[PDB]
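Here is the file final-v1.cif (mmCIF, N, CA and C atoms).
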data_input
#
loop_
_atom_site.group_PDB
_atom_site.id
_atom_site.type_symbol
_atom_site.label_atom_id
_atom_site.label_comp_id
_atom_site.auth_asym_id
_atom_site.auth_seq_id
_atom_site.Cartn_x
_atom_site.Cartn_y
_atom_site.Cartn_z
ATOM 1 N N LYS A 1 1.583 -21.994 -11.410
ATOM 2 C CA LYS A 1 2.536 -21.506 -10.416
ATOM 3 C C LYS A 1 2.569 -19.984 -10.406
ATOM 4 N N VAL A 2 2.521 -19.376 -11.596
ATOM 5 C CA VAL A 2 2.336 -17.933 -11.709
ATOM 6 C C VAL A 2 1.127 -17.495 -10.898
ATOM 7 N N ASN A 3 0.005 -18.193 -11.072
ATOM 8 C CA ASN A 3 -1.234 -17.809 -10.406
ATOM 9 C C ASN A 3 -1.170 -18.058 -8.908
ATOM 10 N N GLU A 4 -0.350 -19.008 -8.468
ATOM 11 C CA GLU A 4 -0.134 -19.184 -7.034
ATOM 12 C C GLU A 4 0.620 -17.995 -6.456
ATOM 13 N N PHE A 5 1.690 -17.584 -7.135
ATOM 14 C CA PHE A 5 2.344 -16.317 -6.821
ATOM 15 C C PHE A 5 1.334 -15.170 -6.799
ATOM 16 N N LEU A 6 0.486 -15.103 -7.823
ATOM 17 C CA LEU A 6 -0.506 -14.038 -7.942
ATOM 18 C C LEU A 6 -1.510 -14.077 -6.798
ATOM 19 N N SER A 7 -1.885 -15.274 -6.349
ATOM 20 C CA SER A 7 -2.818 -15.393 -5.239
ATOM 21 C C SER A 7 -2.165 -14.947 -3.942
ATOM 22 N N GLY A 8 -0.906 -15.337 -3.736
ATOM 23 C CA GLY A 8 -0.160 -14.799 -2.613
ATOM 24 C C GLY A 8 -0.007 -13.294 -2.682
ATOM 25 N N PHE A 9 -0.128 -12.723 -3.881
ATOM 26 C CA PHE A 9 0.090 -11.292 -4.054
ATOM 27 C C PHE A 9 -1.183 -10.483 -4.298
ATOM 28 N N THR A 10 -2.363 -11.107 -4.267
ATOM 29 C CA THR A 10 -3.594 -10.313 -4.304
ATOM 30 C C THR A 10 -3.676 -9.372 -3.110
ATOM 31 N N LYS A 11 -3.265 -9.851 -1.933
ATOM 32 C CA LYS A 11 -3.236 -9.005 -0.744
ATOM 33 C C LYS A 11 -2.385 -7.765 -0.972
ATOM 34 N N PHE A 12 -1.362 -7.879 -1.821
ATOM 35 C CA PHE A 12 -0.561 -6.713 -2.164
ATOM 36 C C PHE A 12 -1.238 -5.878 -3.238
ATOM 37 N N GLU A 13 -1.914 -6.528 -4.189
ATOM 38 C CA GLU A 13 -2.737 -5.830 -5.172
ATOM 39 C C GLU A 13 -3.836 -4.997 -4.523
ATOM 40 N N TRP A 14 -4.200 -5.301 -3.273
ATOM 41 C CA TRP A 14 -5.176 -4.495 -2.538
ATOM 42 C C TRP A 14 -4.899 -3.002 -2.666
ATOM 43 N N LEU A 15 -3.642 -2.638 -2.943
ATOM 44 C CA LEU A 15 -3.287 -1.248 -3.205
ATOM 45 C C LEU A 15 -4.209 -0.595 -4.225
ATOM 46 N N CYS A 16 -4.567 -1.319 -5.287
ATOM 47 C CA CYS A 16 -5.300 -0.695 -6.381
ATOM 48 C C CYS A 16 -6.670 -0.217 -5.926
ATOM 49 N N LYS A 17 -7.353 -1.022 -5.116
ATOM 50 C CA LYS A 17 -8.656 -0.609 -4.611
ATOM 51 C C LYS A 17 -8.512 0.432 -3.511
ATOM 52 N N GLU A 18 -7.559 0.235 -2.600
ATOM 53 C CA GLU A 18 -7.368 1.174 -1.503
ATOM 54 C C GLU A 18 -6.873 2.530 -1.981
ATOM 55 N N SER A 19 -6.300 2.603 -3.183
ATOM 56 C CA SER A 19 -5.772 3.864 -3.682
ATOM 57 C C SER A 19 -6.868 4.876 -3.968
ATOM 58 N N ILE A 20 -8.113 4.421 -4.136
ATOM 59 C CA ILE A 20 -9.215 5.354 -4.317
ATOM 60 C C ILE A 20 -9.276 6.286 -3.116
ATOM 61 N N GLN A 21 -9.606 7.549 -3.379
ATOM 62 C CA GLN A 21 -9.712 8.510 -2.292
ATOM 63 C C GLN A 21 -10.863 8.183 -1.354
ATOM 64 N N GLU A 22 -11.918 7.532 -1.855
ATOM 65 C CA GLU A 22 -13.109 7.298 -1.045
ATOM 66 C C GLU A 22 -12.804 6.429 0.168
ATOM 67 N N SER A 23 -11.918 5.445 0.014
ATOM 68 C CA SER A 23 -11.595 4.566 1.136
ATOM 69 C C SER A 23 -10.918 5.344 2.257
ATOM 70 N N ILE A 24 -9.871 6.096 1.915
ATOM 71 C CA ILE A 24 -9.177 6.897 2.915
ATOM 72 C C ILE A 24 -10.109 7.957 3.479
ATOM 73 N N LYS A 25 -11.087 8.402 2.686
ATOM 74 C CA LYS A 25 -11.999 9.426 3.186
ATOM 75 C C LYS A 25 -13.020 8.840 4.143
ATOM 76 N N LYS A 26 -13.464 7.608 3.903
ATOM 77 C CA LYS A 26 -14.302 6.931 4.887
ATOM 78 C C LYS A 26 -13.535 6.740 6.186
ATOM 79 N N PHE A 27 -12.298 6.255 6.080
ATOM 80 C CA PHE A 27 -11.507 6.064 7.289
ATOM 81 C C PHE A 27 -11.234 7.387 7.993
ATOM 82 N N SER A 28 -11.095 8.472 7.229
ATOM 83 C CA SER A 28 -10.856 9.779 7.826
ATOM 84 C C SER A 28 -12.124 10.334 8.465
ATOM 85 N N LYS A 29 -13.275 10.113 7.822
ATOM 86 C CA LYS A 29 -14.560 10.451 8.420
ATOM 87 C C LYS A 29 -14.744 9.746 9.750
ATOM 88 N N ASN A 30 -14.202 8.535 9.877
ATOM 89 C CA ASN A 30 -14.206 7.864 11.175
ATOM 90 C C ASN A 30 -13.525 8.685 12.267
ATOM 91 N N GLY A 31 -12.734 9.693 11.909
ATOM 92 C CA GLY A 31 -12.056 10.529 12.872
ATOM 93 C C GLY A 31 -11.103 9.755 13.758
ATOM 94 N N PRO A 32 -10.105 9.112 13.155
ATOM 95 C CA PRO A 32 -9.229 8.231 13.927
ATOM 96 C C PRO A 32 -8.242 9.020 14.767
ATOM 97 N N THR A 33 -7.671 8.338 15.756
ATOM 98 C CA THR A 33 -6.726 8.978 16.652
ATOM 99 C C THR A 33 -5.357 9.102 15.986
ATOM 100 N N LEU A 34 -4.483 9.871 16.639
ATOM 101 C CA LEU A 34 -3.102 9.975 16.181
ATOM 102 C C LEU A 34 -2.429 8.612 16.172
ATOM 103 N N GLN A 35 -2.731 7.777 17.169
ATOM 104 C CA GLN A 35 -2.199 6.421 17.173
ATOM 105 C C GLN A 35 -2.744 5.617 15.999
ATOM 106 N N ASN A 36 -4.000 5.851 15.623
ATOM 107 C CA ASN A 36 -4.541 5.163 14.455
ATOM 108 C C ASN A 36 -3.811 5.581 13.187
ATOM 109 N N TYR A 37 -3.636 6.889 12.980
ATOM 110 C CA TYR A 37 -2.862 7.368 11.838
ATOM 111 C C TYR A 37 -1.471 6.750 11.820
ATOM 112 N N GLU A 38 -0.818 6.705 12.984
ATOM 113 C CA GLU A 38 0.492 6.079 13.096
ATOM 114 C C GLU A 38 0.427 4.599 12.735
ATOM 115 N N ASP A 39 -0.672 3.935 13.089
ATOM 116 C CA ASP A 39 -0.838 2.526 12.756
ATOM 117 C C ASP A 39 -0.969 2.329 11.254
ATOM 118 N N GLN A 40 -1.677 3.232 10.578
ATOM 119 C CA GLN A 40 -1.768 3.133 9.125
ATOM 120 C C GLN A 40 -0.416 3.387 8.479
ATOM 121 N N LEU A 41 0.336 4.358 8.998
ATOM 122 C CA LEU A 41 1.679 4.601 8.478
ATOM 123 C C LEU A 41 2.579 3.388 8.695
ATOM 124 N N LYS A 42 2.421 2.704 9.831
ATOM 125 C CA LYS A 42 3.251 1.542 10.126
ATOM 126 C C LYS A 42 2.869 0.348 9.257
ATOM 127 N N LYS A 43 1.570 0.068 9.146
ATOM 128 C CA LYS A 43 1.092 -0.933 8.199
ATOM 129 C C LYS A 43 1.570 -0.613 6.791
ATOM 130 N N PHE A 44 1.656 0.674 6.465
ATOM 131 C CA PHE A 44 2.157 1.109 5.168
ATOM 132 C C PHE A 44 3.633 0.764 4.992
ATOM 133 N N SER A 45 4.442 1.025 6.016
ATOM 134 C CA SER A 45 5.852 0.649 5.963
ATOM 135 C C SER A 45 6.012 -0.863 5.855
ATOM 136 N N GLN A 46 5.134 -1.613 6.516
ATOM 137 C CA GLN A 46 5.157 -3.069 6.389
ATOM 138 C C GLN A 46 4.783 -3.500 4.974
ATOM 139 N N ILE A 47 3.838 -2.785 4.356
ATOM 140 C CA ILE A 47 3.538 -2.998 2.944
ATOM 141 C C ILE A 47 4.792 -2.796 2.106
ATOM 142 N N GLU A 48 5.559 -1.746 2.409
ATOM 143 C CA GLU A 48 6.812 -1.508 1.692
ATOM 144 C C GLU A 48 7.799 -2.654 1.899
ATOM 145 N N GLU A 49 7.862 -3.181 3.121
ATOM 146 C CA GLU A 49 8.686 -4.359 3.379
ATOM 147 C C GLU A 49 8.276 -5.512 2.471
ATOM 148 N N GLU A 50 6.977 -5.750 2.337
ATOM 149 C CA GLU A 50 6.537 -6.802 1.426
ATOM 150 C C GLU A 50 6.863 -6.454 -0.024
ATOM 151 N N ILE A 51 6.839 -5.161 -0.361
ATOM 152 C CA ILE A 51 7.157 -4.724 -1.719
ATOM 153 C C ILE A 51 8.596 -5.080 -2.067
ATOM 154 N N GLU A 52 9.519 -4.861 -1.132
ATOM 155 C CA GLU A 52 10.884 -5.319 -1.376
ATOM 156 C C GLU A 52 10.977 -6.838 -1.292
ATOM 157 N N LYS A 53 10.054 -7.479 -0.573
ATOM 158 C CA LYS A 53 9.983 -8.940 -0.526
ATOM 159 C C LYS A 53 9.375 -9.466 -1.827
ATOM 160 N N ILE A 54 10.113 -9.258 -2.916
ATOM 161 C CA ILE A 54 9.760 -9.812 -4.219
ATOM 162 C C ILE A 54 10.768 -10.892 -4.571
ATOM 163 N N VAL A 55 11.298 -11.554 -3.546
ATOM 164 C CA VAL A 55 12.292 -12.617 -3.684
ATOM 165 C C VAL A 55 11.908 -13.627 -4.765
ATOM 166 N N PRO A 56 10.664 -14.108 -4.840
ATOM 167 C CA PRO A 56 10.331 -15.067 -5.908
ATOM 168 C C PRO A 56 10.526 -14.456 -7.287
ATOM 169 N N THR A 57 11.510 -14.983 -8.014
ATOM 170 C CA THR A 57 11.780 -14.595 -9.390
ATOM 171 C C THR A 57 12.067 -15.820 -10.245
ATOM 172 N N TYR A 58 11.564 -16.978 -9.822
ATOM 173 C CA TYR A 58 11.803 -18.219 -10.541
ATOM 174 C C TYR A 58 11.370 -18.088 -11.994
ATOM 175 N N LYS A 59 12.223 -18.554 -12.899
ATOM 176 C CA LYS A 59 11.837 -18.607 -14.301
ATOM 177 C C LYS A 59 10.666 -19.567 -14.458
ATOM 178 N N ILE A 60 9.561 -19.062 -14.996
ATOM 179 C CA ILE A 60 8.343 -19.856 -15.060
ATOM 180 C C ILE A 60 8.461 -20.822 -16.231
ATOM 181 N N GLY A 61 8.959 -22.024 -15.949
ATOM 182 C CA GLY A 61 9.324 -22.947 -17.002
ATOM 183 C C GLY A 61 10.549 -22.452 -17.738
ATOM 184 N N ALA A 62 10.353 -21.973 -18.960
ATOM 185 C CA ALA A 62 11.413 -21.408 -19.779
ATOM 186 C C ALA A 62 11.171 -19.924 -20.032
ATOM 187 N N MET A 63 10.643 -19.226 -19.030
ATOM 188 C CA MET A 63 10.283 -17.823 -19.170
ATOM 189 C C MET A 63 10.790 -17.050 -17.967
ATOM 190 N N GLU A 64 11.462 -15.933 -18.223
ATOM 191 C CA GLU A 64 11.996 -15.111 -17.148
ATOM 192 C C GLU A 64 11.173 -13.843 -17.006
ATOM 193 N N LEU A 65 10.728 -13.582 -15.781
ATOM 194 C CA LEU A 65 9.801 -12.505 -15.478
ATOM 195 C C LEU A 65 10.544 -11.239 -15.072
ATOM 196 N N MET A 66 9.885 -10.092 -15.256
ATOM 197 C CA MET A 66 10.440 -8.798 -14.853
ATOM 198 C C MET A 66 9.751 -8.356 -13.565
ATOM 199 N N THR A 67 10.414 -8.646 -12.444
ATOM 200 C CA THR A 67 9.821 -8.397 -11.135
ATOM 201 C C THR A 67 10.006 -6.949 -10.691
ATOM 202 N N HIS A 68 11.059 -6.291 -11.175
ATOM 203 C CA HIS A 68 11.332 -4.916 -10.771
ATOM 204 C C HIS A 68 10.200 -3.987 -11.182
ATOM 205 N N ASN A 69 9.565 -4.265 -12.323
ATOM 206 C CA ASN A 69 8.422 -3.471 -12.754
ATOM 207 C C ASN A 69 7.290 -3.544 -11.737
ATOM 208 N N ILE A 70 6.942 -4.760 -11.308
ATOM 209 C CA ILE A 70 5.925 -4.923 -10.277
ATOM 210 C C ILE A 70 6.326 -4.181 -9.012
ATOM 211 N N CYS A 71 7.587 -4.331 -8.598
ATOM 212 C CA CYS A 71 8.050 -3.684 -7.371
ATOM 213 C C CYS A 71 7.880 -2.171 -7.445
ATOM 214 N N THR A 72 8.268 -1.577 -8.576
ATOM 215 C CA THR A 72 8.123 -0.137 -8.755
ATOM 216 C C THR A 72 6.659 0.280 -8.705
ATOM 217 N N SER A 73 5.793 -0.478 -9.385
ATOM 218 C CA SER A 73 4.361 -0.213 -9.311
ATOM 219 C C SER A 73 3.900 -0.169 -7.862
ATOM 220 N N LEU A 74 4.212 -1.223 -7.107
ATOM 221 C CA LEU A 74 3.794 -1.306 -5.714
ATOM 222 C C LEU A 74 4.307 -0.118 -4.911
ATOM 223 N N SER A 75 5.554 0.289 -5.148
ATOM 224 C CA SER A 75 6.136 1.385 -4.376
ATOM 225 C C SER A 75 5.408 2.699 -4.635
ATOM 226 N N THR A 76 5.095 2.985 -5.903
ATOM 227 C CA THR A 76 4.369 4.218 -6.219
ATOM 228 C C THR A 76 2.962 4.199 -5.621
ATOM 229 N N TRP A 77 2.205 3.142 -5.938
ATOM 230 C CA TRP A 77 0.913 2.930 -5.299
ATOM 231 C C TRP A 77 1.006 3.227 -3.815
ATOM 232 N N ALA A 78 1.984 2.613 -3.143
ATOM 233 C CA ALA A 78 2.235 2.871 -1.733
ATOM 234 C C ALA A 78 2.311 4.363 -1.436
ATOM 235 N N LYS A 79 3.299 5.052 -2.021
ATOM 236 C CA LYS A 79 3.542 6.466 -1.711
ATOM 237 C C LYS A 79 2.254 7.285 -1.700
ATOM 238 N N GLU A 80 1.279 6.879 -2.519
ATOM 239 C CA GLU A 80 -0.010 7.580 -2.536
ATOM 240 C C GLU A 80 -0.596 7.751 -1.127
ATOM 241 N N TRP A 81 -0.601 6.686 -0.320
ATOM 242 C CA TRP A 81 -1.300 6.764 0.960
ATOM 243 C C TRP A 81 -0.567 7.651 1.952
ATOM 244 N N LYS A 82 0.764 7.637 1.926
ATOM 245 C CA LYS A 82 1.509 8.514 2.818
ATOM 246 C C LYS A 82 1.243 9.977 2.496
ATOM 247 N N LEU A 83 1.209 10.324 1.204
ATOM 248 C CA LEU A 83 0.885 11.716 0.887
ATOM 249 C C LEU A 83 -0.538 12.058 1.326
ATOM 250 N N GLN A 84 -1.470 11.114 1.156
ATOM 251 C CA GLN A 84 -2.826 11.317 1.654
ATOM 252 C C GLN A 84 -2.836 11.582 3.154
ATOM 253 N N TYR A 85 -2.015 10.847 3.897
ATOM 254 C CA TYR A 85 -2.017 10.986 5.346
ATOM 255 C C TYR A 85 -1.460 12.336 5.766
ATOM 256 N N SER A 86 -0.390 12.786 5.114
ATOM 257 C CA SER A 86 0.121 14.120 5.418
ATOM 258 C C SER A 86 -0.930 15.192 5.136
ATOM 259 N N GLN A 87 -1.628 15.080 3.999
ATOM 260 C CA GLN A 87 -2.603 16.114 3.666
ATOM 261 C C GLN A 87 -3.786 16.111 4.627
ATOM 262 N N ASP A 88 -4.195 14.943 5.136
ATOM 263 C CA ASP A 88 -5.285 14.980 6.108
ATOM 264 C C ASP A 88 -4.799 15.450 7.479
ATOM 265 N N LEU A 89 -3.552 15.135 7.838
ATOM 266 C CA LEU A 89 -2.995 15.641 9.088
ATOM 267 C C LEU A 89 -2.998 17.161 9.117
ATOM 268 N N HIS A 90 -2.607 17.784 8.003
ATOM 269 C CA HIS A 90 -2.577 19.242 7.977
ATOM 270 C C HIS A 90 -3.957 19.833 8.240
ATOM 271 N N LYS A 91 -5.007 19.248 7.656
ATOM 272 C CA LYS A 91 -6.340 19.821 7.834
ATOM 273 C C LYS A 91 -6.899 19.516 9.222
ATOM 274 N N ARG A 92 -6.482 18.401 9.834
ATOM 275 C CA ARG A 92 -6.799 18.200 11.247
ATOM 276 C C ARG A 92 -6.228 19.339 12.082
ATOM 277 N N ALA A 93 -4.943 19.642 11.864
ATOM 278 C CA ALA A 93 -4.331 20.776 12.545
ATOM 279 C C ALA A 93 -5.126 22.049 12.293
ATOM 280 N N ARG A 94 -5.518 22.279 11.035
ATOM 281 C CA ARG A 94 -6.298 23.466 10.698
ATOM 282 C C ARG A 94 -7.547 23.560 11.557
ATOM 283 N N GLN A 95 -8.450 22.589 11.409
ATOM 284 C CA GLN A 95 -9.736 22.662 12.095
ATOM 285 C C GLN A 95 -9.547 22.839 13.597
ATOM 286 N N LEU A 96 -8.662 22.041 14.199
ATOM 287 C CA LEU A 96 -8.608 22.005 15.653
ATOM 288 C C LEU A 96 -7.921 23.238 16.223
#
Could you quickly redo this structure as structure tokens?
Amino acid sequence: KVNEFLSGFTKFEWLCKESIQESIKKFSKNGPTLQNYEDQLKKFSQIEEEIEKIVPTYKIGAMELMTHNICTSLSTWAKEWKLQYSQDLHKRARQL
């Protein structure tokens, strides 16, 4: 049951791979539009919605889990991409 939770949450673990700078740099090399940047910020806010959606806290048999730790991890991981987006926005302004 833990692993079922974990499988539902691999999509959220995607943060760990996406946190690499190379992914955001490939997407930035794509030269996306302002609407695209806004779409990534919005998908990011939706990620945050899922981060607060840590409702499952069922005691796994006779074991109680610490979900707030996971939530905090996800939130920090998250914040990474927003700071990345601000820093690339500034250099777009620079070049153009």
Check your understanding: What does the distance from atom CA of residue 6 of chain A to atom CA of residue 57 of chain A come to in Å, to one decimal?
Key -> 12.4 Å
**Study point:** Those of chain A in DSSP alpha helix (DSSP H), formatted as an NGL selection string
**Key:** :A and (2-8 or 10-18 or 21-29 or 34-52 or 67-95)
Exercise for review: Would you mind telling me which residue in A:17, A:60, A:90, A:67 lies nearest to residue 4 of chain A when using only C-alpha atoms?
Suggested key: A:60
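With atom CA of residue 12 of chain A on one side and atom CA of residue 50 of chain A on the other, the separation reads 8.0 Å.
Using all atoms listed in the file, the shortest contact distance between residue 82 of chain A and any of A:44, A:10, A:33, A:28 is found at A:44.
The gap separating atom C of residue 18 of chain A from atom N of residue 73 of chain A is 15.0 Å, in Å to one decimal.
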Review point. Evaluating the PyMOL selection byres ((chain A and resi 78) around 8) on the displayed file yields which residues, as a ChimeraX atom specification?
Key: /A:15-16,19,44,47-48,72-77,79-83
Practice item. Return as a PyMOL selection string the set of residues that the PyMOL selection byres (((chain A and resi 34 and name CA) around 12) and name CA) yields on the displayed structure. Key: chain A and resi 28+31-33+35-41+85-86+88-89+92-93
**Study point:** Neighbour residues at most 12 Å from (5.6, -12.9, -4.0) (only C-alpha atoms) as a ChimeraX atom specification
**Key:** /A:1-13,49-58,67-68,70-71,74
Could you rebuild segment 7-28 of chain A with N, CA, C and O atoms and give me the result as a compact mmCIF listing (two decimals), in the coordinates of the input?
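Just written: out_25.txt:
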# COMPACT_ATOMS: atom_id res chain seq x y z
N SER A 7 -1.88 -15.27 -6.35
CA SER A 7 -2.82 -15.39 -5.24
C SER A 7 -2.16 -14.95 -3.94
O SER A 7 -2.79 -14.25 -3.13
N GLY A 8 -0.91 -15.34 -3.74
CA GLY A 8 -0.16 -14.80 -2.61
C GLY A 8 -0.01 -13.29 -2.68
O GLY A 8 0.22 -12.64 -1.66
N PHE A 9 -0.13 -12.72 -3.88
CA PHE A 9 0.09 -11.29 -4.05
C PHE A 9 -1.18 -10.48 -4.30
O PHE A 9 -1.09 -9.28 -4.55
N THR A 10 -2.36 -11.11 -4.27
CA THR A 10 -3.59 -10.31 -4.30
C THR A 10 -3.68 -9.37 -3.11
O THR A 10 -4.12 -8.22 -3.24
N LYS A 11 -3.26 -9.85 -1.93
CA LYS A 11 -3.24 -9.01 -0.74
C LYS A 11 -2.38 -7.76 -0.97
O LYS A 11 -2.64 -6.71 -0.38
N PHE A 12 -1.36 -7.88 -1.82
CA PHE A 12 -0.56 -6.71 -2.16
C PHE A 12 -1.24 -5.88 -3.24
O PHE A 12 -1.16 -4.65 -3.20
N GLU A 13 -1.91 -6.53 -4.19
CA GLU A 13 -2.74 -5.83 -5.17
C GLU A 13 -3.84 -5.00 -4.52
O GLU A 13 -4.33 -4.06 -5.16
N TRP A 14 -4.20 -5.30 -3.27
CA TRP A 14 -5.18 -4.50 -2.54
C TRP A 14 -4.90 -3.00 -2.67
O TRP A 14 -5.81 -2.18 -2.51
N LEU A 15 -3.64 -2.64 -2.94
CA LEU A 15 -3.29 -1.25 -3.20
C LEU A 15 -4.21 -0.60 -4.22
O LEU A 15 -4.60 0.57 -4.06
N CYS A 16 -4.57 -1.32 -5.29
CA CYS A 16 -5.30 -0.70 -6.38
C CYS A 16 -6.67 -0.22 -5.93
O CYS A 16 -7.11 0.87 -6.30
N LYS A 17 -7.35 -1.02 -5.12
CA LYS A 17 -8.66 -0.61 -4.61
C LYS A 17 -8.51 0.43 -3.51
O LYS A 17 -9.26 1.42 -3.48
N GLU A 18 -7.56 0.24 -2.60
CA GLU A 18 -7.37 1.17 -1.50
C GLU A 18 -6.87 2.53 -1.98
O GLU A 18 -7.01 3.52 -1.25
N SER A 19 -6.30 2.60 -3.18
CA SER A 19 -5.77 3.86 -3.68
C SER A 19 -6.87 4.88 -3.97
O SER A 19 -6.58 6.07 -4.04
N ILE A 20 -8.11 4.42 -4.14
CA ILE A 20 -9.22 5.35 -4.32
C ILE A 20 -9.28 6.29 -3.12
O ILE A 20 -9.00 5.89 -1.98
N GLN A 21 -9.61 7.55 -3.38
CA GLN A 21 -9.71 8.51 -2.29
C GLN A 21 -10.86 8.18 -1.35
O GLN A 21 -10.78 8.51 -0.17
N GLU A 22 -11.92 7.53 -1.86
CA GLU A 22 -13.11 7.30 -1.04
C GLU A 22 -12.80 6.43 0.17
O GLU A 22 -13.38 6.63 1.24
N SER A 23 -11.92 5.44 0.01
CA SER A 23 -11.60 4.57 1.14
C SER A 23 -10.92 5.34 2.26
O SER A 23 -11.33 5.27 3.43
N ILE A 24 -9.87 6.10 1.92
CA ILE A 24 -9.18 6.90 2.92
C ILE A 24 -10.11 7.96 3.48
O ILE A 24 -9.98 8.36 4.64
N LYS A 25 -11.09 8.40 2.69
CA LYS A 25 -12.00 9.43 3.19
C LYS A 25 -13.02 8.84 4.14
O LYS A 25 -13.42 9.50 5.10
N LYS A 26 -13.46 7.61 3.90
CA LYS A 26 -14.30 6.93 4.89
C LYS A 26 -13.54 6.74 6.19
O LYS A 26 -14.04 7.04 7.28
N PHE A 27 -12.30 6.26 6.08
CA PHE A 27 -11.51 6.06 7.29
C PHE A 27 -11.23 7.39 7.99
O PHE A 27 -11.15 7.44 9.22
N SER A 28 -11.10 8.47 7.23
CA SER A 28 -10.86 9.78 7.83
C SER A 28 -12.12 10.33 8.46
O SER A 28 -12.07 10.97 9.52
